[PDB]
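*Asks:* Compact mmCIF, C-alpha atoms, saved as my_file04.txt, coming up:
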```txt
# COMPACT_ATOMS: atom_id res chain seq x y z
CA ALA A 18 86.80 113.98 100.56
CA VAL A 19 88.27 111.56 103.13
CA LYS A 20 89.11 108.14 101.68
CA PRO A 21 89.63 105.21 104.13
CA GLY A 22 92.99 104.34 105.64
CA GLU A 23 96.32 106.10 105.88
CA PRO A 24 99.06 106.62 103.25
CA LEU A 25 102.23 104.57 103.31
CA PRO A 26 105.13 106.28 105.00
CA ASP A 27 107.91 107.23 102.59
CA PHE A 28 110.62 104.61 102.01
CA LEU A 29 112.97 103.13 99.47
CA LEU A 30 113.90 99.47 99.67
CA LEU A 31 115.19 97.09 96.95
CA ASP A 32 113.83 93.78 95.81
CA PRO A 33 116.31 90.97 95.44
CA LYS A 34 116.87 91.86 91.79
CA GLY A 35 117.81 95.33 92.90
CA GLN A 36 114.63 97.03 91.70
CA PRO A 37 113.48 99.99 93.83
CA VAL A 38 110.33 99.67 95.88
CA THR A 39 108.72 102.88 97.15
CA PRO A 40 105.10 103.82 97.88
CA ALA A 41 104.97 104.99 94.23
CA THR A 42 106.39 101.80 92.69
CA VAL A 43 104.63 99.19 94.86
CA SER A 44 102.19 97.19 92.75
CA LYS A 45 98.68 97.87 93.99
CA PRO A 46 96.79 96.53 95.66
CA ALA A 47 99.39 94.86 97.76
CA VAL A 48 100.07 93.18 101.04
CA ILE A 49 103.00 94.09 103.30
CA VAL A 50 104.11 91.55 105.95
CA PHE A 51 106.43 92.19 108.92
CA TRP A 52 108.42 89.23 110.27
CA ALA A 53 111.72 88.37 112.01
CA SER A 54 113.84 85.24 111.53
CA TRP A 55 113.64 84.56 115.30
CA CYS A 56 109.85 84.70 115.35
CA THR A 57 108.36 81.18 114.94
CA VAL A 58 104.78 82.53 114.82
CA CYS A 59 105.74 84.82 111.88
CA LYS A 60 107.25 81.95 109.95
CA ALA A 61 104.31 79.61 110.79
CA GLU A 62 101.99 82.08 109.06
CA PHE A 63 103.92 82.16 105.79
CA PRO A 64 102.18 79.15 104.13
CA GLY A 65 98.69 80.62 104.69
CA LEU A 66 99.79 84.08 103.55
CA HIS A 67 101.43 82.57 100.48
CA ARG A 68 98.25 80.69 99.56
CA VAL A 69 96.39 83.98 99.53
CA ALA A 70 99.21 85.50 97.44
CA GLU A 71 98.93 82.62 94.92
CA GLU A 72 95.16 82.61 94.53
CA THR A 73 94.79 86.39 94.27
CA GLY A 74 97.96 87.24 92.30
CA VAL A 75 98.51 90.16 94.68
CA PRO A 76 102.18 90.95 95.41
CA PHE A 77 103.15 90.31 99.05
CA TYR A 78 106.09 92.46 100.13
CA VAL A 79 107.99 91.04 103.08
CA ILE A 80 110.08 93.14 105.50
CA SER A 81 112.17 91.82 108.43
CA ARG A 82 112.21 93.82 111.69
CA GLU A 83 115.51 92.21 112.73
CA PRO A 84 118.65 94.26 111.82
CA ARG A 85 120.73 91.04 111.71
CA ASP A 86 118.56 89.45 109.01
CA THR A 87 121.09 89.99 106.22
CA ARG A 88 120.43 89.47 102.51
CA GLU A 89 121.67 85.85 102.73
CA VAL A 90 119.42 85.04 105.73
CA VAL A 91 116.34 86.64 104.16
CA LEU A 92 116.74 84.98 100.74
CA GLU A 93 117.15 81.56 102.37
CA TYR A 94 113.88 81.81 104.31
CA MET A 95 112.11 83.28 101.30
CA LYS A 96 113.25 80.76 98.66
CA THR A 97 110.20 78.49 98.99
CA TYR A 98 107.79 81.47 98.88
CA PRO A 99 108.04 82.56 95.24
CA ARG A 100 105.01 84.88 95.47
CA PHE A 101 106.63 86.85 98.32
CA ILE A 102 108.83 89.81 97.38
CA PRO A 103 111.48 90.33 100.11
CA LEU A 104 112.54 93.93 100.64
CA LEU A 105 116.20 94.55 101.43
CA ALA A 106 118.34 97.60 102.25
CA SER A 107 118.78 100.35 99.69
CA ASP A 108 121.43 103.07 99.87
CA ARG A 109 119.12 105.10 102.00
CA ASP A 110 116.92 102.81 104.16
CA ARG A 111 117.29 99.48 106.09
CA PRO A 112 114.21 97.27 106.25
CA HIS A 113 113.91 97.45 110.05
CA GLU A 114 114.03 101.29 109.88
CA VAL A 115 111.24 101.29 107.30
CA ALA A 116 109.13 98.90 109.40
CA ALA A 117 109.45 101.29 112.36
CA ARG A 118 107.68 104.05 110.35
CA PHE A 119 104.36 102.13 110.24
CA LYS A 120 103.27 103.07 113.80
CA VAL A 121 102.97 99.45 114.96
CA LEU A 122 105.05 97.45 117.40
CA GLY A 123 106.39 93.97 117.06
CA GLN A 124 105.47 91.26 114.55
CA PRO A 125 103.82 89.72 112.81
CA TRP A 126 101.79 92.34 111.02
CA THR A 127 99.89 92.17 107.73
CA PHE A 128 98.92 95.44 105.96
CA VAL A 129 96.53 95.67 102.97
CA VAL A 130 97.42 98.53 100.57
CA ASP A 131 94.73 99.67 98.12
CA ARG A 132 95.00 101.16 94.57
CA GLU A 133 95.56 104.65 95.97
CA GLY A 134 98.47 103.47 98.11
CA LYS A 135 96.57 103.63 101.40
CA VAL A 136 96.73 101.08 104.19
CA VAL A 137 93.07 100.09 104.49
CA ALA A 138 93.30 96.99 106.71
CA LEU A 139 95.74 95.70 109.30
CA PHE A 140 95.98 92.39 111.13
CA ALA A 141 98.13 91.69 114.17
CA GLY A 142 99.40 88.14 114.72
CA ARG A 143 97.64 85.48 112.64
CA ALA A 144 95.47 87.11 109.97
CA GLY A 145 92.24 85.31 109.19
CA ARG A 146 92.15 83.58 105.80
CA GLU A 147 88.61 84.80 105.09
CA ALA A 148 89.39 88.18 106.71
CA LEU A 149 92.44 88.75 104.49
CA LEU A 150 90.66 87.61 101.29
CA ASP A 151 87.70 89.87 102.08
CA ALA A 152 90.02 92.82 102.78
CA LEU A 153 91.81 92.29 99.45
CA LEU A 154 88.51 92.11 97.54
CA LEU A 155 87.45 95.32 99.28
CA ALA A 156 90.81 96.90 98.33
CA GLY A 157 90.18 96.01 94.67
CA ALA A 158 91.71 92.56 94.13
CA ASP A 159 89.98 89.64 92.33
CA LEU A 160 90.49 85.87 92.32
CA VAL B 19 95.69 78.66 115.54
CA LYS B 20 92.88 81.25 115.87
CA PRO B 21 93.31 84.70 114.28
CA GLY B 22 94.32 87.99 115.91
CA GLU B 23 95.74 88.94 119.30
CA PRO B 24 94.33 88.90 122.88
CA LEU B 25 93.58 92.21 124.55
CA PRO B 26 96.18 93.36 127.09
CA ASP B 27 94.94 93.43 130.68
CA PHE B 28 93.23 96.63 131.85
CA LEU B 29 90.67 97.97 134.28
CA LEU B 30 88.85 101.14 133.26
CA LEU B 31 85.44 102.48 134.28
CA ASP B 32 82.40 103.14 132.22
CA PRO B 33 80.27 106.19 132.74
CA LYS B 34 78.37 104.67 135.64
CA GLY B 35 81.66 103.72 137.29
CA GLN B 36 81.30 100.00 136.51
CA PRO B 37 84.63 98.17 135.88
CA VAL B 38 85.44 97.17 132.30
CA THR B 39 88.22 94.63 131.73
CA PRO B 40 89.02 92.14 128.92
CA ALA B 41 86.73 89.65 130.75
CA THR B 42 83.76 92.01 131.28
CA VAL B 43 83.88 93.90 128.00
CA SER B 44 80.86 93.08 125.80
CA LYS B 45 81.84 90.95 122.72
CA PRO B 46 82.08 91.36 119.91
CA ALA B 47 82.96 95.02 120.24
CA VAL B 48 84.79 97.88 118.61
CA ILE B 49 87.46 99.92 120.44
CA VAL B 50 88.44 103.35 119.17
CA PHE B 51 91.52 105.35 120.17
CA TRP B 52 91.27 109.12 119.95
CA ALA B 53 92.44 112.35 121.57
CA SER B 54 90.53 115.62 122.12
CA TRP B 55 93.04 117.55 119.97
CA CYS B 56 92.97 115.02 117.15
CA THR B 57 91.04 116.63 114.30
CA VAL B 58 91.06 113.43 112.18
CA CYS B 59 89.66 111.33 115.08
CA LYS B 60 86.81 113.71 115.70
CA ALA B 61 85.96 113.85 111.97
CA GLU B 62 85.46 110.03 112.06
CA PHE B 63 83.09 109.96 115.04
CA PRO B 64 79.81 110.72 113.23
CA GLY B 65 80.31 107.74 110.89
CA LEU B 66 81.47 105.34 113.61
CA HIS B 67 78.57 106.47 115.79
CA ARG B 68 76.10 105.58 113.03
CA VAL B 69 77.63 102.08 112.70
CA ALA B 70 77.27 101.69 116.49
CA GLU B 71 73.61 102.67 116.22
CA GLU B 72 72.81 100.52 113.19
CA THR B 73 74.62 97.38 114.39
CA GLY B 74 74.01 97.60 118.16
CA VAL B 75 77.61 96.47 118.64
CA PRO B 76 79.26 98.23 121.60
CA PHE B 77 81.81 100.87 120.65
CA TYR B 78 84.25 101.66 123.49
CA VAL B 79 86.24 104.85 123.22
CA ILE B 80 89.64 105.46 124.88
CA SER B 81 91.61 108.73 124.78
CA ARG B 82 95.40 108.62 124.46
CA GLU B 83 95.76 112.16 125.92
CA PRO B 84 96.46 112.24 129.71
CA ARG B 85 94.73 115.64 130.03
CA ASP B 86 91.46 114.24 128.66
CA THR B 87 90.00 113.76 132.11
CA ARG B 88 86.50 112.27 132.62
CA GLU B 89 85.03 115.81 132.58
CA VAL B 90 86.65 116.47 129.15
CA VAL B 91 85.69 113.04 127.80
CA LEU B 92 82.10 112.73 129.14
CA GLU B 93 81.27 116.23 127.95
CA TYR B 94 82.69 115.63 124.49
CA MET B 95 80.91 112.23 124.26
CA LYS B 96 77.40 113.66 124.89
CA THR B 97 77.63 114.47 121.13
CA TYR B 98 77.90 110.68 120.46
CA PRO B 99 75.65 109.14 123.10
CA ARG B 100 75.77 105.52 121.89
CA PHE B 101 79.57 105.35 122.43
CA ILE B 102 80.89 103.93 125.71
CA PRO B 103 83.77 106.08 126.97
CA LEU B 104 86.23 104.32 129.25
CA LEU B 105 87.57 106.44 132.09
CA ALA B 106 90.39 106.14 134.67
CA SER B 107 89.96 103.58 137.43
CA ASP B 108 91.87 103.45 140.70
CA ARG B 109 94.59 101.50 138.93
CA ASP B 110 94.76 102.43 135.24
CA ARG B 111 94.40 105.64 133.28
CA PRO B 112 93.03 105.37 129.72
CA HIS B 113 96.25 106.44 128.00
CA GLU B 114 98.26 103.85 130.02
CA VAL B 115 95.83 101.21 128.79
CA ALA B 116 96.16 102.36 125.14
CA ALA B 117 99.99 102.21 125.58
CA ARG B 118 99.69 98.41 126.18
CA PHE B 119 98.37 97.97 122.65
CA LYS B 120 100.89 97.45 119.92
CA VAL B 121 100.09 100.58 117.98
CA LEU B 122 101.22 104.19 118.08
CA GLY B 123 99.14 107.31 117.80
CA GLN B 124 95.53 107.75 116.80
CA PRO B 125 93.00 107.24 115.39
CA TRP B 126 92.80 103.44 115.55
CA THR B 127 89.72 101.22 115.32
CA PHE B 128 89.99 97.64 116.70
CA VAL B 129 87.44 94.89 116.17
CA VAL B 130 87.19 92.41 119.07
CA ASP B 131 85.60 88.99 118.44
CA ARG B 132 83.43 86.75 120.75
CA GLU B 133 86.59 85.27 122.30
CA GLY B 134 88.16 88.67 123.07
CA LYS B 135 90.72 88.69 120.26
CA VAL B 136 91.54 91.76 118.12
CA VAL B 137 90.83 90.32 114.64
CA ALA B 138 90.90 93.54 112.57
CA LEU B 139 92.41 97.00 112.89
CA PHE B 140 92.05 100.16 110.85
CA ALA B 141 94.21 103.25 110.83
CA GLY B 142 92.34 106.49 110.14
CA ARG B 143 88.93 106.05 108.52
CA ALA B 144 87.65 102.51 108.34
CA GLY B 145 85.60 102.02 105.19
CA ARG B 146 81.98 101.19 106.05
CA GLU B 147 81.89 97.82 104.23
CA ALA B 148 85.33 96.92 105.62
CA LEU B 149 84.19 97.58 109.17
CA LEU B 150 80.89 95.73 108.68
CA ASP B 151 82.65 92.76 107.16
CA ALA B 152 85.14 92.61 110.08
CA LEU B 153 82.21 92.69 112.53
CA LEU B 154 80.40 89.94 110.58
CA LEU B 155 83.53 87.75 110.70
CA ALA B 156 84.02 88.59 114.43
CA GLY B 157 80.62 87.04 115.19
CA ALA B 158 78.40 90.13 115.29
CA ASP B 159 74.63 89.61 114.97
CA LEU B 160 73.88 91.84 111.97
```
Take the structure I supplied and represent it as structure tokens, if you would.
*Replies:*
Amino acid sequence: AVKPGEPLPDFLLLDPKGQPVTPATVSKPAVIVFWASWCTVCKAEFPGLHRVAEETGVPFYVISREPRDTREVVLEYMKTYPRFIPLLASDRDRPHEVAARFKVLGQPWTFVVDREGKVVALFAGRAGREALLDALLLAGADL
Amino acid sequence: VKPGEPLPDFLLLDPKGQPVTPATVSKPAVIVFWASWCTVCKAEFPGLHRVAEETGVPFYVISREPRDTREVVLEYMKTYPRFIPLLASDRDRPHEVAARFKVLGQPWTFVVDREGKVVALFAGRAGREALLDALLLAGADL
């Protein structure tokens, strides 16, 4: 009866093309990453995370915890990470507000979302390459 | 650039009153947050307890509820004898220690590697293969 993990909290954010991203519409499995433009450790992890995104084909949704990370700031940092999908404010939710519903503090965080929309693995700080790949395989990805 | 995050400093006592700190904690290890009123936490204990038994990896259990005194905790934990409850010391209470971790609420399951870093976390039920794989990667002798 009890499947692993916890459901995503409700949210609505937009991708840069303006397409809505909600727990229903997220493409599963998925990874969600929390960062902030002022966090060097967050940014230092992007290459390794993006490698995993490339080899698995799994969408990586990227949310800034910094209110001042405007659209222009976010898209600049994200331009060399084509397999990352940045999530920006919708009419109803700001990214930093959404991040604050995940019951974790600070950044970076990496969340693995399975086919049923449940968060089944979390990593604080630097996620292990093997750890993350194994978690994705366990969440129903293939590479 | 090694994975995960260091444990925050703490001093709690095990059931024999021995001090447990990030330095003295057995590694690798699993840490579980719970509370006596948390139905979902308690529902997870039988499965976690079996993993503790089968792997021989130490599972430390910390309550986030201030009213879960050592009498409440030790009595509850007789049901799961392989678990190691961590109780208030002269300087920390368990829920103050849990508050130093970067997560809210309960249940949480943390996997701690040989170097004392939290290298995996699970909210709610950890899948059995997920938990076993995290322990394998954390250096557990399985």
*Asks:* So which residues touch region 124-126 of chain A within 6 Å, counting all atoms listed in the file, skipping near sequence neighbours fewer than 3 positions away, as a compact mmCIF listing (two decimals) with C-alpha atoms, in the frame of the given file?
*Replies:*
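selection22.txt, written as the output of this step:
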```
# COMPACT_ATOMS: atom_id res chain seq x y z
CA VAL A 50 104.11 91.55 105.95
CA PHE A 51 106.43 92.19 108.92
CA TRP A 52 108.42 89.23 110.27
CA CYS A 59 105.74 84.82 111.88
CA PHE A 140 95.98 92.39 111.13
CA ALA A 141 98.13 91.69 114.17
CA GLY A 142 99.40 88.14 114.72
```
*Asks:* I need the contact residues of chain A against chain B, so if you could list those with any atom within 8 Å, counting only C-alpha atoms, and return them as a list in words, that would help.
*Replies:* residues 19, 20, 21, 22, 23, 120, 121, 122, 123, 136, 137, 138, 139, 140, 141, 142, 143, 144, 145, 148, 151, 152 and 155 of chain A
*Asks:* Could you give me the centre and size, in Å to one decimal, of an axis-aligned box around all listed atoms of region 38-47 of chain A with 8 Å added on every side, as JSON?
*Replies:*
```
{"center_x": 103.6, "center_y": 99.9, "center_z": 95.3, "size_x": 29.5, "size_y": 26.1, "size_z": 21.2}
```
*Asks:* What's the 12 Å shell around residue 111 (chain A), counting only C-alpha atoms, without same-chain residues fewer than 2 positions away, as a list in words?
*Replies:*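 Final neighbour list, sorted by chain and number: residues 28, 29, 30, 31, 80, 81, 82, 83, 84, 85, 86, 87, 88, 104, 105, 106, 107, 108, 109, 113, 114, 115, 116, 117 and 118 of chain A.
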*Asks:* Quick one: of B:76, B:103, B:84, B:65, who's nearest to residue 37 (chain B), counting all atoms listed in the file?
*Replies:*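 Answer, going by the shortest atom-to-atom distance: B:103.
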